[PDB]
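Note that the chains take the letters A, B, C, D, E and F in the order they are written out, and that residue 1 is the start of every chain.
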Amino acid sequence: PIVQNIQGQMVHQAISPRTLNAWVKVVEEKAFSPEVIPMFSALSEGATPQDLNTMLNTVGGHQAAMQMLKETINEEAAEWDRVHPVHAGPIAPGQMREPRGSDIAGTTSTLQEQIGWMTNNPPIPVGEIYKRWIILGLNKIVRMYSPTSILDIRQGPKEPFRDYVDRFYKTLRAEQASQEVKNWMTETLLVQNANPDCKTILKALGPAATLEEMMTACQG
Amino acid sequence: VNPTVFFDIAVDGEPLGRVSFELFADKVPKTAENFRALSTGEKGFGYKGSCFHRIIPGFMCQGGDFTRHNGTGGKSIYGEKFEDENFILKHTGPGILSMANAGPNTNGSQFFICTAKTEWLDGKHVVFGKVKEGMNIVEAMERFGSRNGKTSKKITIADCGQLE
Amino acid sequence: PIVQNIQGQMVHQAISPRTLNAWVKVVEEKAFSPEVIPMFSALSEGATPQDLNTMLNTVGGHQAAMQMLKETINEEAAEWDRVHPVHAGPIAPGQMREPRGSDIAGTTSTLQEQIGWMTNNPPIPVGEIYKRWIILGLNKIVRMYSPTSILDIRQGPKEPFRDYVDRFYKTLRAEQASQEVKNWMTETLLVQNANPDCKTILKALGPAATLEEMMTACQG
Amino acid sequence: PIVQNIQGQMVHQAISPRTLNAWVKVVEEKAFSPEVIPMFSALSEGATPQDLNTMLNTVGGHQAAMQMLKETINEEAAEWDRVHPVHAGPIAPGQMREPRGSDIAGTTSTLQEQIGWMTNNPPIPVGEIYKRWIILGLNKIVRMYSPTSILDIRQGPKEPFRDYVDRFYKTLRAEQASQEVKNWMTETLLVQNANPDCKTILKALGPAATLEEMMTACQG
Amino acid sequence: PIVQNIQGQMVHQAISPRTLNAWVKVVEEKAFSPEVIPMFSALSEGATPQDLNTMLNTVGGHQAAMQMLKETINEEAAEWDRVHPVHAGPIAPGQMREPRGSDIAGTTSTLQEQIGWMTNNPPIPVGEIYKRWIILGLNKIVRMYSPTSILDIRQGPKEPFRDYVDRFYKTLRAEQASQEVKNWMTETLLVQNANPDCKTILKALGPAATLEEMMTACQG
Amino acid sequence: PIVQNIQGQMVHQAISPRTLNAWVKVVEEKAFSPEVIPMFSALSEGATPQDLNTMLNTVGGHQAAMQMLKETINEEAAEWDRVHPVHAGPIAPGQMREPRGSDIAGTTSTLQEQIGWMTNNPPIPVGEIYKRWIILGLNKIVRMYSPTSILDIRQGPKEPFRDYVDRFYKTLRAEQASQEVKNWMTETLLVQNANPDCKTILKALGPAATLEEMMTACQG
């Protein structure tokens, strides 16, 4: 990835082996958790499309998920070309390159072309666009890897409220929906699926009670 | 923005003059990058020390066969051959730099510099650059060629590179 | 490997022991799977032929694969020498003699000569050529390690569709026969070998079905 | 080692603690496998005889192998001193004296003399000769650690051809025979020592047998 | 169909009856086989869209195949209208307006307009476009009339190799999925489905074997 | 095929449907026999490569033979390319370029280019070269279609000499060998394989007896 170099002139610095090893280890140890998306977004800050292609090729296993990621990248490139076609217009006095769906995906774009598109003024946000595409793909993958539906989350007879709410919020974060749907679900589904012993306790507190009040109520 | 490359021409080792070319990378980018990179020699192989093997007075000077030195070879920086990028630009006059080929989608490294308007070539050879400085050096070169192309003296690209 | 300085020039640098350790560890732990070529290309960016000969000789075990790679490099060097004969006689003062195939390999040349080739004007990319040759050899090696053929894939009555498609795409990436042949295979062989119940669930969606709906059909 | 400063004079630098730790770790972890010689030649690059003596002394254990290596270095130094006369008397300024065998071994010299002999014009590869001697010694050591001979390898009835050729090439790498004799061995004994089934398979394959087609034929 | 004269110009000519008779006879007698497309392309060289609509409507029987061809022509006509939109504004004096997707078929245009389109300056090849569409439709028809898939081919214990390879190449030319995939199939599926005795006779020649030696091996 | 047109100017005349029907009939009844090569050469006199491709595509069935023919055409094209290299570069306005190895087979050469190559002065014999290639292929195919070898031809006990000599000469013509070898083959095989009584009858005439005397010997 390119980085601000002293003084004020961005030059290309190849991806460090330690970053690739950290990525391989986090994909090996954590599989495909919701948190990987932030770890991926933070490990590849300002990365050229070639670096993101390297980081997606260095993965070991989960080839089905990588295939969905590649297909969604292709779909985003296709839609991007459809949303950004060259309509006839007077030619600009200044010419700057332009990134195609295939030029953004780093397939047919040489490293020099990407460095140009990034360091030129005005900059072309090819890296951020490809990162948005990969993040959409990773969201698809992590929502697919969900073992059970959020509607099936129910507490055991003696399962403490601690582990119950932990697992429930984990599955809810892995689940995909708008924020208002989650706001309705945390009020309609959480208290209902609790164990009756502590369900009575949560009902005694009130419907619009916060999480900490219920948690300290059923505490112990 | 558009690259400029030069060639210091030599006739049997006597220095003759410098021809410099503006490559139209804004319309034929992949064709222009291949001539630029072969001129710098940055990919390991190129034009430096190759010769114009076929010079026809009043038509064009052709060169660029750095592997076989007689029009049967040459290779591009993308492999031995690549597609005809497009045909936006036409053969409008002397100084136009156009790609030689062995039919469609067979571009390698051979190029020809026109010394006349050759509209019959339009639609069949990709044009990707024009002489900037040095056209009388291209004109003087004609004298060392013949109707069938055979040249009388060895005409070489003594040195070449990028200027801008 | 060469590294640029503050003013932009580059000079030889000793190979880091961390790179060698990571390469040997990933070769030992991940054996010879499709995800060694991207990591190899990322680890040795800008490495001299001596550094690549180091990274290859340092691989203990799997000596048959290393011999295959050596034979492939030998054939590529012979073809390079045949396609680019070297000239004889005195060499110009401003130019260094062009390398032969055995010297492009870095077997019979000093490190200083490699650095002079890589930092010449214009630069000569011996490292990139030898890296391309090694990548081709590694592709042939990962082709050889392929456990099963692409046609023999048939899902068991109990083996889930996820494991089936995982194995399929794993051996498909390990095949690397071509790209359009791979595209035809993922259309035909993927749906041709499903378990009868989920098979007809996929046929209910027709050939226009994508992989996501293909999986969520048999899901749950 | 002696790192060459960018566009400047080559500056001496002490061996890195990271380099020495990696060296002692690989020694302790892998004992004396055939790859320790390539990894040693990789870690120690451009190093002075003082650096090489330090890298040898940091090794703990295997004192028999260390004494054999020191005896090999002594024999090489004796041969060098016998076939190279040593001059004496007053020496002209700006020109170092004749390096003796005990000095090229680093046992009777100092870092100043080593750097002087490595910076002279023309340079005298004292480091490259002492490293050659150390590699000869390490070759003797790895030959001594060879558990079984090469002529006594026989494939098991159930042991597959891949494992058989792996062991065969490991023992071949450990073998001490010259490269010209080394070729005939891998040409003949490989197919002459295998199990009868794939032996007849490779016999039907006939001449020009290469490892790739051999392994593709002995499949299943 | 148009025909050139002594002066060099062309003009419409009435369709010959023993062409219609030959086409109807070859369609009925040979039904649908891969060798009906070359005969169709040879019979109607230079035929106007009216002549092609004649040659298609004249085919009695197999009305399902003719409806498939009509549907394919229908979809192809729609694509042509979508890909190119008529320009607005004043038209040049030396040029006049073009046909539509449906008029390429000749469904809503008289014969004189077809002749004017075909002999205009520059000429417009409506006949060749509609012939390409009809050839694609006939390819789909002969695909449907294929009696098996390419994978189900397995030679019987008594069925000679000649009949096996004949059936294989027949259904392969009737497949027309691609050309490079065909090249991979003729290498793999041809060698993978032989009878065990002749199978190992073919394996004796390796993958480098050509078809001639492939058959003369099992011959006699 | 092109034909001399009044007066003295060759113009392109498309292949007539009756010629194609005659070819389909002769490849329907005669199938593959020695007489097909002469019939093919007479039906396609002076045919452009497109006409020969049309005549080779219209054959229904016998796909193995057509594939052999295509592969031998490719082999002859490769040999022509290896013997007649084609130099790249701009073409002269008056004369046409030298046809490549694949321009002869009509694969990538448009009909206009072939018409040019044939009508130009001096003419390029593309049609005769492609006819020689197809004739080599047809000779291969008819020598393959031979049911038995010439050495296996033997007369029955009461099978008349007429049928025996007819079958023997038919198999000998279908067989492929130099005429000089056939001169010994006839004098060694014709009399030996005959019936014992007719054997003595022919041996009474002499070794160098002509065919007519040998026939009239055992006549009736």
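Heads up, the rule we're going with is that a residue touches a chain if its C-beta (ideal position, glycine included) is under 8 Å from a C-beta of that chain, and two chains touch if they have at least 3 such contacts.
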{"item": "Listed pair (C-E, D-E or A-C) duplicating the C-D contact set, over half by residue number", "value": "A-C"}
{"item": "Most central chain, judged by mean C-alpha position against the global CA mean", "value": "C"}
{"item": "Chain pair with the higher count of C-beta pairs in contact (B-F, D-E)", "value": "B-F"}
{"item": "Between subunit F and subunit B, distance of the C-alpha-averaged centres to the nearest whole Å", "value": "47"}
{"item": "Geometric centre distance via CA averages, subunit F-subunit D, whole Å", "value": "66"}
{"item": "Whole-Å gap between the CA centroids of subunit C and subunit E", "value": "41"}
{"item": "Chain centre separation in whole Å, for subunit F relative to subunit E (CA means)", "value": "28"}
{"item": "Where subunit A touches two or more other chains, by residue", "value": "none"}
{"item": "Numbers and ranges of subunit B residues touching at least 2 other chains", "value": "none"}
{"item": "In the complex, subunit F residues that touch subunit B", "value": "85-90, 93, 97, 100, 108"}
{"item": "Residue numbers on subunit D that touch subunit C, as the complex places them", "value": "1, 3-7, 16, 18-19, 22, 30, 33-35, 38-39, 41-43, 45-46, 162, 165-166, 169-170, 172-173, 210-212, 215-216"}
{"item": "Residues of subunit B touching subunit F in the complex", "value": "54, 60, 62, 70-72, 74, 100-103, 106, 108, 110, 112, 120-121, 125"}
{"item": "Complex interface listing, subunit C residues touching subunit B", "value": "83-84, 122-126, 129"}
{"item": "Residues of subunit F that touch subunit E when the two form their complex", "value": "6, 11, 14-15, 17-18, 20-21, 24, 54, 57-64, 67-68, 71, 140, 144"}
